[PDB]
Amino acid sequence: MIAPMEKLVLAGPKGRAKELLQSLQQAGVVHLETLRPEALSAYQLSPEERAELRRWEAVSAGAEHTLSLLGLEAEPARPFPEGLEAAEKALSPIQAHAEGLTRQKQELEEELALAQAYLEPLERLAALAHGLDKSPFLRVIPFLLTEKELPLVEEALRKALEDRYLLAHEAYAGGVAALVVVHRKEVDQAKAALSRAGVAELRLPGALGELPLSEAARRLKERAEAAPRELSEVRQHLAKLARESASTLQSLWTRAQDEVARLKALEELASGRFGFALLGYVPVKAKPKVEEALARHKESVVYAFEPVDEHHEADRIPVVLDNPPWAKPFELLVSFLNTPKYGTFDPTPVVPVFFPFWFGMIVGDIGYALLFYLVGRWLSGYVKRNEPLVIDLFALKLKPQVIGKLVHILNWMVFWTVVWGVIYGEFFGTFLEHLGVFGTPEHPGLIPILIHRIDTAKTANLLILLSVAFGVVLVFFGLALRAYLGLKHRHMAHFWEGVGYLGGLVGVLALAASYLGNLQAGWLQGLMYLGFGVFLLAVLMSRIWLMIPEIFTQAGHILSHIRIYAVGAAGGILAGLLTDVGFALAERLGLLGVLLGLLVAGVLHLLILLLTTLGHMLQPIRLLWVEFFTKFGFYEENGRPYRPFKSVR
Amino acid sequence: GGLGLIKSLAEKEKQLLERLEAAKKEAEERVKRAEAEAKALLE
């Protein structure tokens with residue numbers, strides 16, 4: 001339920017409020033409040049404090065960037081209480097060492113990548129040009145061109161001198177190093193002519209395209225021989241530096257984040273000229289620790305824990321879930337949506353009340369339940385390993401508390417799933433082709449089943465009736481909660497709207513079961529007339545022109561409950577057809593392909609279960625969020641968020 | 001309440017501003033005493 005979130009007023013000195021802010025950040029269980037304009041200053045405390053906070057924030061950003069360059073991640077742990085100068089001295093040394101090592105490793109990798117392409121070509125060009133490199137007669141433009149279209153480039157060389165303008169490729173058969181040697185200026189004009197024919201000389205980077213080709217190939221072979229050992233040494237040094245300094249950087253960044261959060265929270269204070277005001281909101285379940293922290297002031301400097309506002313107009317005040325531990329695990333799926341208006345109803349119990357009972361009616365396969373039990377054992381072993389739920393495939397990093405809540409929800413769902421699957425009387429599709437443990441009236445072999453789930457002459461009508469009954473009960477619960485919240489918030493429009501929607505739905509269901517359903521339309525004729533009159537009376541008392549579309553939308557939300565029975569029967573029919581085809585082509589085909597046919601049928605059934613059960617389990621919670629939330633509103637102002645001080649640890 | 005913050009800050013700031021105006025009246029009486037004894041000493 002929505003907690004109190006009661007207010008907390010406090011008055012202190014400037015430095016005493018700094019101490020009390022450090023206390024209330026260590027006791028970080030109260031969201032803050034500015035309240036600056038009410039006859040006080042804005043607590044622009046000090047530009048020296050602003051500069052020290054900027055220095056600590058730069059230290060924290062440098063610690064984050066140093067963990068990033070070292071490869072470490074933002075792993076929260078206990079802080080390191082030390083001076084800011086000592087923190088800078090600890091941080092900047094390893095940060096500078098890692099930055100220099102990373103720059104050297106990137107430069108060595110770029111040098112190796114550049115040397116991997118022009119090692120053999122520059123060496124071949126220098127080998128052909130072993131005496132003609134830099135003597136001041138003629139340039140030799142080597143162009144790394146394509147395969148043997150050497151006459152298309154040599155057209156310009158034939159336009160040049162006869163027994164010279166040697167434009168050919170002696171070696172480097174992959175990328176043909178077409179050396180063209182004519183002159184200096186005449187070969188520059190011929191290089192312009194070859195570029196007009198389409199050409200590009202080997203203007204390499206570094207010292208390769210900035211020195212003579214013999215020294216270029218020599219430095220290329222030298223860098224090629226030096227790059228691998230230097231890159232491996234840089235990788236080993238980076239790994240050793242990260243493994244040696246990651247814990248110190250993490251503790252330093254934790255203390256830096258703590259002090260920076262203290263500075264940013266003290267920025268949101270209210271100072272009173274060597275006095276200071278403080279305003280917060282904290283839940284009722286932590287009032288004792290708040291009073292114990294407030295007693296730890298200078299002389300318990302004058303504060304008060306005052307009450308929060310009522311159901312009317314609590315806008316900036318946040319709320320909380322506050323569920324029991326048997327129902328606490330659905331709080332994540334509850335918080336996937338928005339928050340309530342601190343007086344709006346918490347429908348989080350309806351999730352654990354209705355979603356597993358619907359999912360067990362959907363998933364009646366006890367082999368799928370055993371696979372879910374094995375997957376829950378795997379998730380329980382992963383949570384016992386206490387690692388982060390890390391999947392680089394999905395790029396999903398989830399907390400271990402999230403995995404534990406998911407495992408608890410999976411166990412609570414698997415209980416009702418096994419219950420309704422034994423009520424369905426089906427296991428792994430159908431092992432009943434071999435071992436008919438669920439007895440049928442058509443095939444009496446063992447103890448009976450409640451619903452055979454392959455029969456539909458009576459089971460389908462009863463299943464549709466039970467699903468429609470559960471859905472109409474949930475719709476009536478949503479309309480009743482809407483009218484109750486309209487009465488509790490003193491909003492008679494919402495209460496009259498819920499009453500009129502309930503009366504219209506009751507009259508519509510009565511008229512349906514009278515005219516289109518069974519006989520004896522006399523006892524319910526006045527009931528349908530009363531439902532129509534109640535809808536018309538609430539329309540007249542509302543006068544909001546809430547037309548027939550709202551009633552038809554409520555009718556569709558009620559009728560959506562048969563989709564659960566449809567999905568359960570569809571999954572059951574698919575699993576029964578798959579198990580029947582496997583049993584036929586395994587046992588009825590000689591009973592010798594029992595193992596191979598059973599394995600192929602199990603692979604196909606696992607693929608079909610992975611393809612279908614995700615959407616099948618998704619549609620229950622989707623229909624629940626579509627029906628119960630929208631019948632209760634749940635899209636009005638989205639609540640206010642509870643954000644106390646961190647003490648991130 | 002926020003008026004409660006206004007009140008409990010007005011308490012402190014008016015007592016401290018009373019101490020500041022006491023300090024400046026004190027300094028004015030220091031000026032009076034110094035000039036009186038200095039002129040009597042010169043005479």
# chains A, B, ... in the order shown; residues from 1 in each chain; ligands from 1
>>> closest_atom_pairs(of="chain B", to="chain A", cutoff="9 Å", atoms="only C-alpha atoms", output="tab-separated table")
residue	atom	partner	partner_atom	distance
B:1	CA	A:9	CA	6.9
B:2	CA	A:38	CA	7.0
B:3	CA	A:38	CA	7.6
B:4	CA	A:9	CA	7.8
B:5	CA	A:277	CA	6.1
B:6	CA	A:39	CA	6.3
B:8	CA	A:11	CA	6.5
B:9	CA	A:272	CA	6.0
B:10	CA	A:272	CA	8.0
B:12	CA	A:275	CA	6.6
B:13	CA	A:273	CA	6.6
B:16	CA	A:274	CA	8.4
>>> select_by_dssp(residues="range 239-314 of chain A", states="helix (DSSP H, G or I)", output="ChimeraX atom specification")
/A:239-267,284-295
>>> atom_distance(atom1="CA of residue 216 in chain A", atom2="CA of residue 130 in chain A")
12.7 Å
>>> atom_distance(atom1="CA of residue 146 in chain A", atom2="CA of residue 176 in chain A")
5.8 Å
>>> decode(residues="range 169-206 of chain A", atoms="C-alpha atoms", output="PDB file, in the first residue's frame")
ATOM      1  CA  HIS A 169      54.740  -4.378 -62.143  1.00  0.00           C
ATOM      2  CA  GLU A 170      57.564  -6.856 -61.577  1.00  0.00           C
ATOM      3  CA  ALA A 171      56.124  -8.461 -58.433  1.00  0.00           C
ATOM      4  CA  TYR A 172      53.342  -8.161 -55.803  1.00  0.00           C
ATOM      5  CA  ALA A 173      50.789 -10.113 -57.823  1.00  0.00           C
ATOM      6  CA  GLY A 174      47.968  -9.306 -55.386  1.00  0.00           C
ATOM      7  CA  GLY A 175      48.240  -5.538 -55.538  1.00  0.00           C
ATOM      8  CA  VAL A 176      50.352  -4.770 -58.595  1.00  0.00           C
ATOM      9  CA  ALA A 177      52.995  -2.204 -57.632  1.00  0.00           C
ATOM     10  CA  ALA A 178      53.113  -0.524 -61.029  1.00  0.00           C
ATOM     11  CA  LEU A 179      56.321   1.475 -60.809  1.00  0.00           C
ATOM     12  CA  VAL A 180      56.482   4.260 -63.397  1.00  0.00           C
ATOM     13  CA  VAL A 181      59.922   5.835 -63.843  1.00  0.00           C
ATOM     14  CA  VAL A 182      60.459   8.493 -66.513  1.00  0.00           C
ATOM     15  CA  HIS A 183      61.950  11.689 -65.065  1.00  0.00           C
ATOM     16  CA  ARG A 184      61.202  14.078 -62.223  1.00  0.00           C
ATOM     17  CA  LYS A 185      59.083  16.779 -63.883  1.00  0.00           C
ATOM     18  CA  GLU A 186      58.138  14.783 -66.983  1.00  0.00           C
ATOM     19  CA  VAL A 187      57.223  11.857 -64.736  1.00  0.00           C
ATOM     20  CA  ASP A 188      55.184  14.254 -62.585  1.00  0.00           C
ATOM     21  CA  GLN A 189      53.269  15.227 -65.731  1.00  0.00           C
ATOM     22  CA  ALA A 190      53.022  11.527 -66.615  1.00  0.00           C
ATOM     23  CA  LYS A 191      51.691  10.816 -63.117  1.00  0.00           C
ATOM     24  CA  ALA A 192      49.061  13.484 -63.744  1.00  0.00           C
ATOM     25  CA  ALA A 193      48.307  11.722 -67.045  1.00  0.00           C
ATOM     26  CA  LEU A 194      48.063   8.355 -65.281  1.00  0.00           C
ATOM     27  CA  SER A 195      45.728   9.880 -62.689  1.00  0.00           C
ATOM     28  CA  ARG A 196      43.697  11.138 -65.648  1.00  0.00           C
ATOM     29  CA  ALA A 197      43.712   7.497 -66.740  1.00  0.00           C
ATOM     30  CA  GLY A 198      43.076   6.613 -63.079  1.00  0.00           C
ATOM     31  CA  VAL A 199      46.014   5.942 -60.754  1.00  0.00           C
ATOM     32  CA  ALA A 200      47.216   6.556 -57.200  1.00  0.00           C
ATOM     33  CA  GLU A 201      50.800   6.354 -55.973  1.00  0.00           C
ATOM     34  CA  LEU A 202      51.761   4.710 -52.678  1.00  0.00           C
ATOM     35  CA  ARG A 203      51.733   7.796 -50.451  1.00  0.00           C
ATOM     36  CA  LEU A 204      51.957   5.894 -47.176  1.00  0.00           C
ATOM     37  CA  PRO A 205      51.758   7.334 -43.653  1.00  0.00           C
ATOM     38  CA  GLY A 206      54.400   7.684 -40.945  1.00  0.00           C
TER      39      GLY A 206
END
